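A.B. asks: Provided hereafter are the protein sequence and its experimental coordinates.
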Amino acid sequence: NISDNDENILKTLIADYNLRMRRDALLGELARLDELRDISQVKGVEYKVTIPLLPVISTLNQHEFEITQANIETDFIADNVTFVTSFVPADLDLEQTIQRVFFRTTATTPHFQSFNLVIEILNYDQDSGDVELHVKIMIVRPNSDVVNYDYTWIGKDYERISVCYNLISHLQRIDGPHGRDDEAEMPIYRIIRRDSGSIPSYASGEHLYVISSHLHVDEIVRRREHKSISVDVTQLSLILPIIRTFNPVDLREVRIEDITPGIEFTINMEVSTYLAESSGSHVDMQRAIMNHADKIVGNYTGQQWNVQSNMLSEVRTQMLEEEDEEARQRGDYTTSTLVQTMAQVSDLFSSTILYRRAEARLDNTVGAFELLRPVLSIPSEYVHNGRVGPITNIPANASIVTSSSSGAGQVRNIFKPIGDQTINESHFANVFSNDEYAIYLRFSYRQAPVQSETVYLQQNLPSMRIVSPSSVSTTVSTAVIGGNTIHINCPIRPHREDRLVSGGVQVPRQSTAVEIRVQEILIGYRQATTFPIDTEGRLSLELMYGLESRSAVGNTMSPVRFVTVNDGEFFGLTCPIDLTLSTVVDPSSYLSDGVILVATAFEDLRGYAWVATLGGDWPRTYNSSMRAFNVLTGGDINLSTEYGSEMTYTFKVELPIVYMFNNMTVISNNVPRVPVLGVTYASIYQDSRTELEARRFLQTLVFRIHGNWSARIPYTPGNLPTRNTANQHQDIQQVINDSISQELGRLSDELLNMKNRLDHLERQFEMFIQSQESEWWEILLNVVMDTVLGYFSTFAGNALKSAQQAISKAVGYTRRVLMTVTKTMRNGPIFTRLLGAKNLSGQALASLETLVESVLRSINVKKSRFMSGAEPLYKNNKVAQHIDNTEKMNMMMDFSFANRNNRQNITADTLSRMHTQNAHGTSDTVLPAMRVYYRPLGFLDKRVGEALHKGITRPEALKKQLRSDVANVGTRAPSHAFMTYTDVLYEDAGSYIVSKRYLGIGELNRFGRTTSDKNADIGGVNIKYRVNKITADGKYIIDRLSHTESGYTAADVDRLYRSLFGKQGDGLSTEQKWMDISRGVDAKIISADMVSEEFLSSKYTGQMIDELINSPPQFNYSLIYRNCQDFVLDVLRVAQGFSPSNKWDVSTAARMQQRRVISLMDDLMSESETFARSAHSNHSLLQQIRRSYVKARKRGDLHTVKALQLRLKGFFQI
């Protein structure tokens, strides 16, 4: 059978196996089986090629969710928002008392009020992690109905459980049109979310389910053969959005109250970029909800496949290196120091100060300033002997007993404030603001209580008092001689069996000493840097508060420098006025009405009571006070008694002033006074008061100002801007934007003519080309000419790459192109302030200039021939917005703000709140976002850890920690990356076509040598919309186009659906497949990460991307890239105007360049019908020319090539 040498070989193979077993046992308990780990990895790859790319979902943790809620100030509603509670039992902190997730909403919703989840660990063997869990979910409905769900699970330490709660809000109906917006030539529709006379617009539902898994690692190790993981989804509740109701779920109103450390919690939302109407069909709604659920479940399953692979044997991962914060900080700090040195140099220039004439007339204006507290005074030591009073509401029914039989006791109340009531303050009252100047009134305020008599009005219907019990005391035993032993049991609000916790006190009033003394009124100019001169004018001031009033006139004004508390220092002129208003004679004249309450109601005081017994064996005095009351309110609540035949029950409350004034109401609004001099109500006086009228009467100071002034206002010196940049910039982006703003003034205003601008840009491009050492431009021109005439070259991609490298190396040319674009567009400075902390990228602008110039030099025509028409030019020329950066910027700004940017003298601060995008925050980009998204879905990227236990450690804890480490390290990679590119087209007065391009790629294989049906692949689509409609709040409403209008056939739709959802849509028509594809792309990327760049999109870069989307290359991504994010980063780089990757094959970039040039040439030939013909530019004649050219090029015939190039050039002459 075998020889002796073969037997020796067998023995050494056995010995090697034994050495492997020895090593494995040295390392610990975890398995090390390489073949089973490899089979697991291959099967996981096979599953992962099926995880859907769509829909687009954004994942946030708690911190990023809170920052996002703070960022968005308009309506914030998501079609699907899933709250996933995910945990691994080996990651839970077992020293915690409870494992809980609790979150709620502060508003009314059709289905949701609060969500509570508790995890109970019934058994947990930590040596071999065998856990038995019980999960209890509690949902409280808005009508206070409680719904309970249970889930039990027996499994392993390292397996994951996810509880997913989806809140669904579908916009099903828009009502209108209710008019026509005139700035944006669109009809106006409304979107009803709140209770009104209109039909509601939204329908709401919910979806609750649990995901569990079993990774049969123990069985696989015992039997030594692989077994696929098994994932179970349990459906707990599904409510479809069938009927339309008011109050959809707004995410700004959702609170996450408590999550036990160790539990993972994410928010997974899909929010539309613009508002759109959903389908009312039931099957369509259900597919919409289940696509969201299926993507979440697919990502869960991929993660669990990773966990099984990692448990079966050793898997090593290098974690991607994070960018160096500290090196970037040193570079930025050097740049900032250079700017400071430039400012020091510019400080050497001095010039004569030049002024300008300033005149202004202040019409009759009204302003109201509210003091910190209402003007009141609480007397000390206020005693009230009634049964009902400030503190007590004890009915006569209530049983109150004394030592004598049937002897009712008398109750009294004592109230005492704690602390000072005098206040000294100086304020800068706001008067009027303007982009030129701002007016402030400066005064000082005095208050103190004056010796007088208290005034106390008691309500016929008193509010729920703090001490309002059913009974106060009862008799337990009666003695013939000694007296009756009494037991007192007096609870305080709230009672143990109660709803809507409440309680309070009524406060006695007094009279105080008011002293308002106005010193002067000040005005400052924004751009003044030194004292103005020739200051003259007159101002009149009228004070009025309560019942008194004053008036004075100021004549002399002087140049002044003053500092406000929010805006900095101002330079201007002051108008001293010396008047005093003093209502010490009548400070207390609200006497008709005038009940004052203070609310003291707390969850922590429920069930508290005074419990004591008095009598023979018991002491004859009682003196007790609640200390929880002191903890919550820095005061006291007390009850004192003396045992005797006649007993008095003293209920004393003793509050501090600060707590009192932070908690009070001014009911008895029945007799509200009027502003003392018949002034119109100032929106802080009975303007939708809702019981706020007496506090405004007692707190608000209102004044009336009229006058005029004149002065000479200095101009800013010319050497100031660099000092300003050094003195107040925060980032390097601010330095760049400041340089742009200052350079806008250096450029000539002759550039505001189209011919001059085109000549300037041609001269810039000639400078750029003349400075090239290598001759890449001539070969590029040859490539472009061949492409136009039909001969497609393999190194068009090389030509494109050389052009992009030349552009990125010549940053001066890019800077000049950007500067002329910013100068020649409408409202350039407004735009530079709109940018904020971001910079516009000029690489794409110069890229477009180079492409257009290349084609035009090929056909031997100037650009001015294609730029003819009336203004605005992009509305009268169908190619101008595609070949010109200035017209593109104009069109994009008109689109982004619905022509609100064209209002006269509108500031960038006002315009910034008029964007037309849905759920748009000010931290978002003005132009459409264009970036790569790469984050996990349904779980965090790291685990929440623990601190090391302080005690002595034991082996099963070490084993549990190792299991947690292996379950968590390297398994939380995202399953895909993607990128979006969107371009906007103007077609008619109120019609736009928005073209969104999606490109995504799945996670790369561990084993990439397999065939392409089992490798990671890319999936992309181009989707179009039409903008015709707007809301009354200024936001666009979208209609989505069909697949035919996007260029797709039925077979194309089948291929796209397979790429984007990972399956053949079975039982779906092409209409349903396109509905799913189109609806899955309109979601918006929500993140707390901030971008610092703006990018302008172009139609021909979009064609370059469509070249990848429509005819993808035969590429093995798994073998070439380390990461699926790197591919989409390469594509995004190409989209941003940079060169193609050297990882790609040659023909990829070749085809991209051919597509962009062919698209531009078609556009130019279509436009040339105005100055050429269509009979001699027919498609049939051009096809013959192209076929002849290809044949002539393939056989080296220069005569025919030249003749055909002349024929093509002559197409554009006559």
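C.D. replies: All right, it came through fine. Numbers count the residues shown, from 1 in each chain.

A.B. asks: And residue 818, how far from residue 724?
C.D. replies: 22 Å (C-beta to C-beta, to the nearest Å). Yep, even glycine has a C-beta here, placed from its N, CA and C like the rest.

A.B. asks: I meant to write residue 534 there.
C.D. replies: Taking C-beta to C-beta, one finds residue 534 at 26 Å from residue 724.

A.B. asks: same deal with residue 194?
C.D. replies: From residue 194 to residue 724 the distance is 46 Å (C-beta to C-beta).

A.B. asks: Give me the residues contacting stretch 843-857.
C.D. replies: Stretch 843-857 is contacted by residues 761-762, 765, 780-781, 784, 788, 803-804, 807-808, 813-814, 817-818, 821, 862-863, 883, 885, 1095-1098, 1100-1101, 1136-1138, 1156-1157, 1160-1161, 1164 when judged by C-beta atoms under 8 Å, 6 or more residues apart in numbering.

A.B. asks: I meant stretch 416-430, not that one.
C.D. replies: By C-beta under 8 Å, 6+ apart, stretch 416-430 touches 367, 369, 371-373, 377-378, 380-382, 440-449, 512, 564-565, 634-635, 652-658, 660, 701, 703.

A.B. asks: and what of stretch 1182-1195?
C.D. replies: 786, 789, 790, 791, 1165, 1200, 1201, 1204, 1207, 1208.

A.B. asks: Quick check: phi and psi at the third one.
C.D. replies: Think residue 790. phi 110, psi -10 (degrees, to the nearest 10).

A.B. asks: show me what contacts it?
C.D. replies: The contact partners of residue 790, taken as C-beta under 8 Å, 6+ apart, are 1185, 1186, 1187, 1189, 1190.

A.B. asks: What is the nearest of those residues to residue 546?
C.D. replies: Set against residue 546, the nearest of the contacts of residue 790 by C-beta to C-beta is residue 1186 (90.1 Å).

A.B. asks: Distance-wise, check that closest one relative to residue 787.
C.D. replies: From residue 1186 to residue 787 the distance is 10 Å (C-beta to C-beta).

A.B. asks: repeat for residue 621
C.D. replies: Residue 621 is 106 Å from residue 787, by C-beta to C-beta.

A.B. asks: for this structure, longest helix please?
C.D. replies: Secondary structure of the chain per DSSP state H: the longest helix is helix 282-312.

A.B. asks: Now the element after that one, going C-ward?
C.D. replies: Using DSSP states H and E, the next helix or strand after helix 282-312 towards the C-terminus is helix 325-346.

A.B. asks: Residues touching the next helix or strand after that following helix, excluding its own?
C.D. replies: Per DSSP H and E, the first helix or strand lying C-terminal to helix 325-346 is strand 355-370. Around strand 355-370, the neighbours that count as contacts under C-beta under 8 Å, 6+ apart are 427, 429-432, 436-437, 439, 441, 525, 532-533, 539, 679-680, 682, 684-685, 696, 699-715.

A.B. asks: Which members of these are positioned in helices?
C.D. replies: Using DSSP H, the contacts of strand 355-370 in helices are 696, 699.

A.B. asks: thinking again about what came up before, select only the buried ones of the contacts of stretch 416-430 in PyMOL?
C.D. replies: What follows is the PyMOL syntax for the buried subset of the contacts of stretch 416-430, where burial is set by 16 or more other C-beta atoms under 10 Å:
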select buried, resi 367+369+371+373+377+378+382+440+441+442+443+445+446+447+449+512+635+652+653+654+655+657+660+701+703
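
A.B. asks: picking up where we left off before, of the contacts of stretch 1182-1195, buried ones?
C.D. replies: Here, 16+ other C-beta under 10 Å leaves 786, 789, 790, 791, 1165, 1201, 1204, 1207, 1208 buried among those.

A.B. asks: which one is the third one nearest to, not counting chain neighbours?
C.D. replies: So the one you mean is residue 790. Once flanking residues are discounted, residue 790 sits nearest to residue 1186: 3.1 Å by C-beta to C-beta, 6 or more residues apart in numbering.

A.B. asks: what about that neighbour, distance to residue 816?
C.D. replies: Distance from residue 1186 to residue 816, by C-beta to C-beta: 37 Å.

A.B. asks: Give me the more crowded residue out of these two.
C.D. replies: Shown here are residue 1186 and residue 816; by other C-beta atoms under 10 Å, residue 816 has more neighbours (22 against 16).

A.B. asks: My reading is that the more buried one lies in a helix. Confirm?
C.D. replies: Yes - per DSSP: H, G, I helix; E, B strand; the rest coil, residue 816 lies within a helix segment.

A.B. asks: element containing residue 235, please.
C.D. replies: Residue-wise, residue 235 maps onto strand 230-239 under DSSP H and E.

A.B. asks: between the helix or strand where residue 727 lies and helix 325-346, how many degrees?
C.D. replies: Per DSSP H and E, residue 727 falls inside helix 720-728. If you take axes from the mean of the first three to the mean of the last three C-alpha atoms, to 10 degrees, helix 720-728 sits at 140 degrees to helix 325-346.
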